[PDB]
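In the block that follows, a single chain appears as structure tokens, in the form deposited in one PDB entry.
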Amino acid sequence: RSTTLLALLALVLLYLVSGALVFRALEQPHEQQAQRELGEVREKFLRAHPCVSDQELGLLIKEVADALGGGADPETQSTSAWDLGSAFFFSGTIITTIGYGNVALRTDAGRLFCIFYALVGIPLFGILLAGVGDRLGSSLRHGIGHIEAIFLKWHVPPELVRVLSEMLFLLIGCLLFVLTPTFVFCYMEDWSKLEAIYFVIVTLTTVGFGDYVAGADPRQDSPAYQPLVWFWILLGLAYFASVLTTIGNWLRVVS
């Protein structure tokens, strides 16, 4: 396999380079425009406010930027992200390895505790997932059996029926854990269907960019809602674990 790993490694590099070219192509024009918009705003501010040097307005933007970066809101001049609800949810984002990061640890104690909380938490959750996975597989296969038997009742071949069940499994899962949530979130978060799918997939892949987070909205008086979703994550991850492993095996087959 040593030759094939160099081949596989090179393929992954190409995959990244092809991803890189596509992402730049799609994203960089808007990034350049934001930069131009920031510049247009400074030049207009200087023109309006003679008592402000280019370089002084430079510091303002830098210092504003740092504070926004640490989660300050432009809209207000006030003065909970760590209410028992969100704090639980934050702990959830760790052990799941999703790690949205939409709220950051500011204390050295917070970070040090997070190092150990994760090192113990992630594998602990890994065990629960395997558990929920095995239970879920057994549960749906037993359930699929009854309607699987109805196809067998109309005299269809056994080797055909396993694959039909396998395909049927994928459809059931998607409805329950992909499309339903996208429709759920579409309504609850006021996102587009594509924003919602993007969130769902980014979540169940455990990537957790944190650009989109269900419940996070400061306005909503829905703390019970946020953990409710975390039960979707628990159930969802196991479904997507299967999907990811199976498409990996598909890639093995193509290889």
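Heads up, when I say rigid core I mean the largest set of C-alphas that superpose within 1.5 Å between the two forms. Start at 1 with the first residue shown and count on from there.
Student: For the step residue 79 to residue 80, what size class fits the number of deposited residues with no coordinates, none, 1 to 3, 4 to 9, or 10 or more?
Tutor: Missing residues, residue 79 to residue 80: 4 to 9.
Student: Given the B-factors recorded for C-alpha atoms, which segment has the greater mean, 235-243 or 18-26?
Tutor: The deposited B-factors put 235-243 ahead on the C-alpha mean.
Student: Using only the Cα atoms and their B-factors as the entry lists them, report which of 211-219 and 33-41 averages higher.
Tutor: The stretch with the larger average C-alpha B-factor is 211-219.
Student: Highest Cα B-factor in the deposition, which of 113, 89, 100, 169?
Tutor: Of the candidates given, the C-alpha B-factor peaks at 169.
Student: With respect to the C-alpha temperature factors reported in the PDB entry, which of 158, 71, 123, 74 ranks highest?
Tutor: Comparing C-alpha B-factors across 158, 71, 123, 74, the maximum falls on 158.
Student: When the deposited Cα B-factors of this chain's modelled residues are ordered and cut into thirds, is residue 192 in the lowest, the middle or the highest one?
Tutor: As the PDB entry reports it, the C-alpha B-factor of residue 192 lands in the middle third of its chain.
Student: If you rank the chain by CA B-factor, which third does residue 186 end up in: lowest, middle or highest?
Tutor: As the PDB entry reports it, the C-alpha B-factor of residue 186 lands in the middle third of its chain.
Omitted here: the form deposited in another entry. The next part is about that form.
Student: Pick out the one residue among 209, 191, 198, 225 whose C-alpha shifts by 2 Å or more between this form and the one not shown, once the rigid core is superposed.
Tutor: By this measure, the answer is 225.
Student: Answer yes if the Cα of residue 40 shifts by 2 angstroms or more between this form and the one not shown on a rigid-core superposition, and no otherwise.
Tutor: Passes the 2 Å threshold, so yes.
Student: Once the core is superposed between this form and the one not shown, does residue 71 show a C-alpha displacement of at least 2 Å?
Tutor: Yes; residue 71 is a residue whose C-alpha shifts (by 2 Å or more) between this form and the one not shown when the cores are overlaid.
Student: Can a Cα shift of no less than 2 Å be assigned to residue 156 between this form and the one not shown, given superposition on the rigid core?
Tutor: Comparing forms between this form and the one not shown, the residue 156 CA shifts at least 2 Å.
Student: Closer or farther: the CA pair residue 31/residue 63 in the other entry, versus this form, with a change of 3 Å or more?
Tutor: Compared with this form, residue 31 and residue 63 lie farther apart in the other entry.
Student: Considering a change of 3 Å or more, are the Cα atoms of residue 216 and residue 236 closer or farther in the other entry than here?
Tutor: Note: Cα gap between residue 216 and residue 236 shrinks in the other entry.
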